[PDB]
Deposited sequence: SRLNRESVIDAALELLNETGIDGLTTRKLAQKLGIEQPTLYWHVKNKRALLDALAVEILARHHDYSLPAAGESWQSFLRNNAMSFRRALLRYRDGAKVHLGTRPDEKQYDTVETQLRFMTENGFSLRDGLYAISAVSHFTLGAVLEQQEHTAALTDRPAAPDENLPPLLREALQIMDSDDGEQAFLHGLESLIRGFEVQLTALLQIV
């Protein structure tokens, strides 16, 4: 088959869905493409290069709330940003593991920049704007990993608690924790210089 960038990524994503992060090899990406390993090599050097590209390409393709709508509150943006971040990570088996520890690619530099600008304009110190943006990211990743990573006679609450986590996606926990985070930030922002 065709070996341009896009069709390579297509084949990788489809294969990531079949095997998970661990099972994904260059050797298997070749087979899937019906080519020899040395041919693939011209196109992709190794597993690391592939993952970095997938990590970038998954957000580019399916993370569509990178930016705030015209006139959106900062609270609302973060919320939408986080929900869309989450959906994109979950769209692929081990997708969060694929994303873990990637650096903002040159190609989203102006995105991550706009986010920080947007916070600074909303009354955030650059420090605080960055802390809120990281906390959202770290919270969302962490909740997606544990969702995906999961996939002796229980004391009472533990039994019960496990039923409510299983009863849905993990979506309630996530959306509840997200509101906690944003309110916490809000309380901090508005306090300014007061003891809070």
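A.B. asks: Since the structure holds only modelled residues, which stretches of the deposited sequence does it leave out?
C.D. replies: Comparing the full sequence with the modelled residues, the uncovered range comes out as just 152-162.
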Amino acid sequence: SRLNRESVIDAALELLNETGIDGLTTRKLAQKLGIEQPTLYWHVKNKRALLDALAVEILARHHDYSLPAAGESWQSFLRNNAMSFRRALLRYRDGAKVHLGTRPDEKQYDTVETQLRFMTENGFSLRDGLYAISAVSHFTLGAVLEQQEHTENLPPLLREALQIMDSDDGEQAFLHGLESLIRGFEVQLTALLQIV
From here on, numbers count along this sequence of modelled residues.
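A.B. asks: Report, as yes or no, whether residue 146 is left without coordinates in at least one third of the other compared entries.
C.D. replies: That residue is present in all of the other compared entries.
A.B. asks: Mean C-alpha B-factor higher for 51-59, or for 160-168?
C.D. replies: The entry gives the higher C-alpha B-factor average to 160-168.
A.B. asks: For the higher mean C-alpha B factor in the entry, choose 62-70 or 135-143.
C.D. replies: According to the PDB entry, the answer is 62-70.
A.B. asks: Among 99, 86, 107, 79, which residue carries the highest C-alpha B-factor recorded in the PDB entry?
C.D. replies: That would be 107, according to the entry.
A.B. asks: Quick one: classify residue 28 as lowest, middle or highest third of the chain based on its Cα B-factor.
C.D. replies: Middle third - that is where residue 28 ends up once the chain's C-alpha B-factors are sorted.
A.B. asks: Taking the chain's C-alpha temperature factors as the reference, tell me which third residue 154 falls into: lowest, middle or highest.
C.D. replies: Highest third.
A.B. asks: Residue 10's Cα B-factor: lowest, middle or highest third of the chain?
C.D. replies: It belongs to the middle third of the chain when residues are ordered by C-alpha B-factor.
A.B. asks: Comparing against every modelled residue in the chain, figure out the third that the C-alpha B-factor of residue 111 lands in (lowest, middle or highest).
C.D. replies: Top third by C-alpha B-factor.
A.B. asks: Can you work out whether the C-alpha temperature factor of residue 18 puts it in the lowest, middle or highest third of the chain?
C.D. replies: Middle third of the chain for residue 18's C-alpha B-factor.
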